[PDB]
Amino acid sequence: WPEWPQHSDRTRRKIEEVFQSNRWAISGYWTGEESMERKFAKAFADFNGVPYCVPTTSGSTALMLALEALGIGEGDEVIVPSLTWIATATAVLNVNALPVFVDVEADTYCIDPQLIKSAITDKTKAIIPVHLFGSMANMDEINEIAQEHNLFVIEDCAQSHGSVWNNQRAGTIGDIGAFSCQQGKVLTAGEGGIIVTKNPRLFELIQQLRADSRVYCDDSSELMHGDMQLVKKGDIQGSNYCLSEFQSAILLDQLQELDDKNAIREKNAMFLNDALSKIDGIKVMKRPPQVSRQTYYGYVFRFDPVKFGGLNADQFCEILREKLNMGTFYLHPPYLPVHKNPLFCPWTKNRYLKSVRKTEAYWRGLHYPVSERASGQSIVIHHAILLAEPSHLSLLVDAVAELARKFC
């Protein structure tokens, strides 16, 4: 089976270019030509059809800085989906705000717009929709709600680089878009993050937030070898969340084939959708008409335990991995909801305000039915598998079909 990550001599070439420039950080001085960071930023901005792009250290930090740039802090509430990686919620706690969970839709696993209004209070300042696995949150409904209630929208696109909703790439629709480039993502450098926005003011603030209150110099063409490209601004307090040049170089390389590989993943995902949907008891995810291009970080399908011998997703996956010989990293059940995830334990850290970290019972006692049911009756196939030949993917289909015949 295809493995992940993937590299080529082109990747090595980009790394060699960093060594030749002898500039390993954006805070390093100008050595003659543009930094890998800015070259990648320009390329990704074009890819996303978004005015501004600022690379950073991780998707988690990308989310945090997005919140900081919007002026979110103590006393504020931010609405987030219960089903997602814990970072979507911890980024909120990191800025002293309170994450407020809302359940997801049964057929997309993305935040349910019809449950958002009920969670809005006078403290609500933003919503962080997540385009989970291989689906997009309903940005039409979400932006309508955000507009009516004067709320900001931050798109968590860590699992949807390149997805398109009504001809707008994921991340360009909300006020600020955040991406992760951690190893498992479709665009990766091992570690890495990306922030994008259409607003010029936010672009300046984001730069400062990740470069110790600094911004790019007025004109890079006027720079001489030895001159600093980052200059003081001081409009907003920032810290160091600069991506290394080695990572920006790898991202530049990986980006050149992102659209093509996403196209392959989608072709195969659709193939699976039509094949798996014919099996009684299997339900594929519902694709919104507004989505013209879907990036599949993870291919998800659901099953009815009643029609599959009462198996839970863990057992279902174990059976499939044995039959297909693929690793746990590549075929497994979805995350546990954030409020139930052992990795989510805000109350254990004094750094968090007592008013927002609450107590163990406060979070664990929350109830979000749809999100909770997900890890028990859904199967997630990592995108690398979607790069395999159709003949190979057919084996997965046959496996699910066999298992089904075993209970029919």
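In this text, residue numbers run from 1 along the sequence as written.
- In this entry, 344-352 shows the higher mean Cα temperature factor of the pair 344-352 and 55-63.
- Look at the mean CA B-factor for 191-199 and for 113-121 in the entry; the higher one is 113-121.
- Per the PDB record, 278 has a higher Cα B-factor than any other of 332, 210, 131, 278.
- When the C-alpha B-factors of 250, 106, 83, 93 are ranked from the entry, the top spot goes to 106.
- In this PDB entry, residue 161 carries a Cα temperature factor that places it within the lowest third of its chain's modelled residues.
- Remark: residue 373 belongs to the highest third of its chain, ranked by C-alpha B-factor as recorded.
- The PDB entry assigns residue 38 a C-alpha temperature factor belonging to the middle third of its chain's modelled residues.
- Ranked by Cα temperature factor within the chain, residue 322 sits in the highest third according to the deposited record.
- In this PDB entry, the Cα temperature factor of residue 358 sits in the top third of its chain's modelled residues, the highest group.
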